[PDB]
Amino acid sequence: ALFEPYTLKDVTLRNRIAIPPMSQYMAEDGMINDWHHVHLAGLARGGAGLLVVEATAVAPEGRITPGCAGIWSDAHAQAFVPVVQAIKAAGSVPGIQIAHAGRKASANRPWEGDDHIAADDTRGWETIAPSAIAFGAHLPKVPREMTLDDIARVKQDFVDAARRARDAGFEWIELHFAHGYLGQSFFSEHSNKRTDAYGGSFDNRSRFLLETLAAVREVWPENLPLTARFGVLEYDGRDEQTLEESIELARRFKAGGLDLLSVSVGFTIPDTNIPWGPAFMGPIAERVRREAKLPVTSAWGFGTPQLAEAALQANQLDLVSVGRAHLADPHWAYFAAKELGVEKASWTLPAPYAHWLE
């Protein structure tokens, strides 16, 4: 099942393996470089059906860190062009996740402190959010409360991002409404205390996300999968209530043209109890898939080929996302093909490798 093709709109994946977006923190002023080119091209040659490029910021202040990729100008977009072309040459589908880190922005690289940049550090910048409330813990900076014009500008930033991604050749797009960044923070009552049209009720908290989806839909081709990542629960003790609302929004996403939902956890606040474990997201992903009638993917511990296979056969997922295993071994898909007994498994890789490994 893991090695069956998958067709969504006009795009066909050679198998059900997806490489989720994985920030590399190697960009400079949003510009990617040979780090990203070799990293992504190598992964694509590895065998995976779909390769989703890391969170790429729609605006400079939307970066998580000073090393995050960006696409907030045509020059930033043009940098992706050769990389998209190499992904394609390798037979993998190029996707990109476009993002805005909201209140979690302006942080150090994970191996350089992983915390909010000091106030006197010339690399830092003011963060924006639905409300002037800090995440807390290692991210103590209070964001600036967004104005209506801020909301209009960020929405237009996402549209400009999607248009650039389209013109750079990406065949799959993913809106980053998860992991406690801007979009997610608009939906959660934890982070959104607004009293205008973008806060309060379910409809108001959904507005930013729905409006961003719709605006992007106007520039993104109808024949290329339009997707989003969304934290459907927080493990904050409000799980049944949050899940119900998240699934309702899923339905609205579907109605608004979303082709697939990447299902995750919110990470909106630090005060939570997440039951980490191999494929722990499976049951939750399955429920979203069932109740909103929407294809889904998820991640976390599916680097065990049998687990990925089990999730597919149980129809908990339509694609299995495999992250860290690909950082460890860019040729993981070949390893999975061996594990699962695929005929001529070495031909998961290109000929200059496959010939000698068969």
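Residue positions are given as counts along the sequence shown, with the first one as 1.
Between 84-92 and 218-226, the higher mean Cα B-factor belongs to 218-226. The mean Cα B-factor in the deposited entry runs higher for 340-348 than for the other of 340-348 and 15-23. In the PDB entry, the Cα temperature factor peaks, among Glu211, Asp121, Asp114, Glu245, at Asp121.
Highest C-alpha temperature factor among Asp160, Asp74, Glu145, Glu174, as the PDB entry reports it: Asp74. Among the modelled residues of its chain, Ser264 has a C-alpha B-factor that falls in the lowest third, as given in the PDB entry. In the PDB entry, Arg289 places in the middle third of its chain by CA B-factor. The entry lists a Cα temperature factor for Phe170 that places it in the lowest third of the chain's modelled residues. The PDB entry assigns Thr195 a C-alpha temperature factor belonging to the highest third of its chain's modelled residues. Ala129: CA B factor lies in the lowest third for its chain, per the PDB record.
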